[PDB]
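Working notes, beginning with the structure itself.
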Amino acid sequence: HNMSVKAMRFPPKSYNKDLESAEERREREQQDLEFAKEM
Amino acid sequence: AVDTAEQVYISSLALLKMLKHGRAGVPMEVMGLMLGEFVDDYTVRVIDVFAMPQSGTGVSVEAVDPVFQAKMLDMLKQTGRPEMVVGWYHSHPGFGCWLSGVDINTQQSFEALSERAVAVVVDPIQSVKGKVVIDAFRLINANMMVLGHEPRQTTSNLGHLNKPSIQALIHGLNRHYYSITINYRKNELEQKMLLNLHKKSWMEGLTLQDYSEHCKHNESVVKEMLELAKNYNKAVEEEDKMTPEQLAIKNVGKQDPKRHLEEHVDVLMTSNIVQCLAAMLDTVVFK
Amino acid sequence: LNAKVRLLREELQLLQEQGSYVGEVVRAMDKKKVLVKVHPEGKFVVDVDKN
Amino acid sequence: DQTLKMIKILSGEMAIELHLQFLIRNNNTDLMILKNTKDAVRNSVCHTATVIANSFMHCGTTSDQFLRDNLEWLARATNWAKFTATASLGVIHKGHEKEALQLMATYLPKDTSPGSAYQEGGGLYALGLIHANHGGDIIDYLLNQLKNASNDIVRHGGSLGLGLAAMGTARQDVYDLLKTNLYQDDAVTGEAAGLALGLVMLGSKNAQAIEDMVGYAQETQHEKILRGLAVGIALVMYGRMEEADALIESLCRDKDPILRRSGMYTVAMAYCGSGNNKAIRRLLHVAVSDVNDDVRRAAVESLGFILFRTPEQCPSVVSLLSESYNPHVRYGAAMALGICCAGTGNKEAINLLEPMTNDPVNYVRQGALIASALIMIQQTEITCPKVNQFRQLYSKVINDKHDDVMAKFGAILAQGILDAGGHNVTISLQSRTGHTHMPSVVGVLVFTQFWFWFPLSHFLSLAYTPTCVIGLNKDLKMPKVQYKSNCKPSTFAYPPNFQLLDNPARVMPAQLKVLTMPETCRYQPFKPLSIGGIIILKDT
Amino acid sequence: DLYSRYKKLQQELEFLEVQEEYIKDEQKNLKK
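Chains as they are written, first to last, in the authors' numbering: chain V, 487 to 525; chain c, 24 to 310; chain C, 52 to 102; chain U, 320 to 814, 873 to 917; chain D, 39 to 70.
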């Protein structure tokens, strides 16, 4: 088992992609929150 | 004038007292008064709190009742505790942290008696295993805002680390009162004392359990292991006969042996190993 | 591991937003307009997102 | 004779005069940017930021047009912020001591004694902004003013002025006064007294003074005093290598977080520029091992001070730490990257700082913007293609009202520092002689401690070093000579490839290898050419 | 020159060891 887990992650490579939810949606959410607060 | 770097220091006992008191009376708003001192005009220390009798059939109590407060203040002094009151506190169950309309008038009395008091609000049912919800507020006057000036002159950037919630903004907040940062003072003695919870005696770690229920448990586990073993290959064979885009959704209503067998393996190994080792050393510890 | 932890915290944050209704569309229109009808209310003529 | 040699070398008035002449003659800045940005100010933070940017933009140029013409805007400030305004008067009038006192009494109404005394106390600190190191009896004059002890604000201003003016004097009287002020137990003047005690004892490494300061900080009721003393006790033992180790083990065990942060500062300051494996290893392990948060920022940021001799080493380690879970580590990494390679506009730090420019956390964005501004002090658009992009980014983020405060504070500080000194000055991470510069290191440390007190930002001006070429044939009279460049005018463009430069003409550090010596001219340089500084040119 | 190659090799070895150490510490802390 240990040997198997030692040969586990060799094939994965170049996985720098890390995106959580969005890029410009934070501005829209903040604008909506401010509009709700104003009303 | 006042600045945004004002700090408040709350001990552990005060926190636990107020948390328990707030949790006890969940459906209504209980209240009490704190006590401590102002070592300077940047930090305020609170060291002890006490609850006060309430008038039922409601969710709000007026703080004006001099007999009880005076008696408690003159009786606590007889056993140490020469401190004075610094403010009041009350709990909002499941709402959040803000000051209702009557709360401004309620804190106006303390402001009149002492211009540098504070109001503490604790949420007893929105906190779980950490992240207790406690906020601290002070009032402002609108005449100074008429002058085109804003309170809480800013001298540093350590006062804007936490963004307020939307529900605090919905109510009065910055147009009626300002929040201040909070901190907990910790020392080594009480922290070392407090970690004794759930510790067990030396007897509990040397008992080796009955040798009759253990075999029953192993026999029970082995049969479900067998059934999952039989069901494994059926799911193994059809792993690629269907497009993988719907592969995840295929496992939304029925269990999968692969995930449902590892826990059996783990518990079984742990129990067997520990039961063996306990008897192993016990055979020689005693005679 | 770090990506997993940060995703968990943000997932905690983003669960306090409003839901979205489901509806039936009857027919479309010109210049990005459609007509829909959701059962616990009348008929609404609405627009379409850019995607 | 020997008197003239002593006046030139020991007094150092000629060097200051030459630097001031180079700064004044080659003062090139755009004043329309400040006028455009002033219209967007609608808060006290914006006013303080604008005053700081105005003071930093005209350092040494002796041009107070913005402060004189905009007195109506300057009158809006009040309370301790008004004291900061006094510090601004110290930026424009750097040097020129012969009129410094006459300037102070010109602007500070000490005899009037207005209702707000703060504007007087900060004036004392303004003196420290003028007399950088050649205090003399004027510094002793401060010892008279500090004798007043009228109030906390006045005492704090006097202590700050005395500490700034008399840096490294090692006078016994200053140490005794600092000890008395620390024992006075004041919550508002104690921080300035601790800063003065730390500054006035640089390089002494006195065991008695360090032990007394540690004992005093061990038992005090004010957090401000502890935070002020942490940097003094760190700075009192600068760059003594293993001699500092005896203290470090003590400060890495204290339960008080401020003492741990002071220990990190002491490690960083005692190992400046030396690539120690153990120091880096421990300073970076503390940044993940301890449970508190501010000490994480201090530990991460302290790596920048110990890699500046090899600028191409920081992106190798902090790249993985830049995307950590908590924003404190991100802020520390960004500020360390900005502070390490501040001498030149490296093309590797910009790609790392670009994603941080729009991070969800506001203060990490501010730190990243400050790091980007400082990393790129004296670059051109041809050398690095990020000049226009970042300038327009600063302009766009400074003119949008929907951003929260301190998100654009970094932006306005960036705009102020980009055109610092009329582009006639530069960061001083490394000196031309290959040795660390004490004033620049002190200013960098003080700027790194800006999170505790805004009025301590101006000390960054101690890290500004002029970038000009000065040649002379006589010590008293300047000659009329010419210098020729060898590169295209685009590369050496200021804010044909044989452009002629005069005797006091300034040259960028990246375009100092294309300067041609005037062989045709009679005067010749005794010292080797292709090197900065003031040199004497023999006449032939 | 050949001396620089030697010194660079020692620098790289030591610096990589330090990186490996604190990455092990990072991996230990992340699950906690």
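In this text, a Cβ means the ideal position worked out from N, Cα and C, and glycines have one as well.
{"query": "Contact under 9 Å by Cβ, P808(U) with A782(U)", "result": "no"}
{"query": "Cβ separation of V788(U) and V884(U), assumed to be a contact under 8 Å, to the nearest whole Å", "result": "5 Å"}
{"query": "Nonlocal neighbours in the same chain, by C-beta distance under 6 Å from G509(U), ignoring five residues either side", "result": "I544"}
{"query": "Contacts of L65(C) in chain V (Cβ-Cβ under 8 Å)", "result": "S507"}
{"query": "Segments assigned beta strand (DSSP E), at least 3 residues, entirely inside the segment 102-162 of chain c", "result": "110-114, 141-146, 156-162"}
{"query": "Proximity of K413(U) and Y437(U) at Cβ, strictly below 9 Å", "result": "no"}
{"query": "Closest residue to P116(c) among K257(c), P50(c), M226(c), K281(c) (Cα-Cα distance)", "result": "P50(c)"}
{"query": "Status (buried if at least 16 other CB within 10 Å, exposed otherwise) for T80(c)", "result": "exposed"}
{"query": "Where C299(c) falls, given that 16 or more other Cβ within 10 Å makes a residue buried", "result": "exposed"}
{"query": "Endpoints, the beta strand (DSSP E) within which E92(C) is located", "result": "Neither: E92(C) is in no beta strand (DSSP E) and is coded neither H nor E."}
{"query": "Presumed contact (8 Å Cβ cut-off) between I689(U) and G664(U), rounded CB distance", "result": "At roughly 15 Å, the Cβ-Cβ gap does not stay under 8 Å, so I689(U) and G664(U) are not in contact."}
{"query": "Ranges of the alpha helix (DSSP H) found wholly within the segment 715-761 of chain U, counting only runs of at least 4", "result": "728-737"}
{"query": "Contact set between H604(U) and chain D, taken where Cβ atoms lie within less than 7 Å", "result": "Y60, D63"}
{"query": "CA-to-CA distance, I449(U) to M325(U), given in whole angstroms", "result": "22 Å"}
{"query": "Reduced DSSP category for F903(U) - H, G, I as helix; E, B as strand; rest coil", "result": "coil"}
{"query": "Where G487(U) sits in the DSSP three-state scheme", "result": "coil"}
{"query": "Residues near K904(U) by beta carbon distance below 7 Å, same chain, minus five either side", "result": "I912"}
{"query": "Closer than 9 Å to chain U by CB, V141(c)", "result": "no"}
{"query": "Own chain residues within Cβ distance below 7 Å of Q65(D), not counting five before or after", "result": "none"}
{"query": "Nearest-angstrom Cα separation, counted from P280(c) out to residue 311(c)", "result": "Nothing can be reported for residue 311(c), as the shown portion of chain c is limited to 24 through 310."}
{"query": "DSSP state of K277(c) mapped onto helix, strand, coil", "result": "coil"}
{"query": "Nearest-angstrom Cα separation, counted from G686(U) out to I669(U)", "result": "14 Å"}
{"query": "Proximity to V550(U) [Cα-Cα], best of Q711(U), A617(U), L602(U), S435(U)", "result": "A617(U)"}
{"query": "Limits of the beta strand (DSSP E) - the one that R68(c) falls within", "result": "66-74"}
{"query": "Contact with chain D by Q698(U), beta-carbon distance below 9 Å", "result": "no"}
{"query": "Where the beta strand (DSSP E) through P785(U) begins and ends", "result": "783-785"}
{"query": "Three-state class that DSSP yields for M216(c) in the structure shown", "result": "helix"}
{"query": "Start and end residues, alpha helix (DSSP H) containing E336(U)", "result": "332-344"}
{"query": "DSSP state of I701(U) mapped onto helix, strand, coil", "result": "coil"}
{"query": "Rounded straight-line distance, which links the Cα of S776(U) to that of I577(U)", "result": "20 Å"}
{"query": "4 or more residues per run - each alpha helix (DSSP H) lying fully within the segment 548-604 of chain U", "result": "564-570, 576-589"}
{"query": "Contact the segment 458-476 of chain U vs the segment 432-447 of chain U: 3+ CB pairs below 8 Å", "result": "yes"}
{"query": "Buried versus exposed call for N180(c) [16 or more other C-beta atoms within 10 Å across all chains shown]", "result": "buried"}
{"query": "Helix, strand or coil at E52(c) [DSSP, three-state]", "result": "coil"}
{"query": "Start-to-end residues for the alpha helix (DSSP H) that takes in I529(U)", "result": "526-537"}
{"query": "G59(c) in three-state terms, based on DSSP", "result": "strand"}
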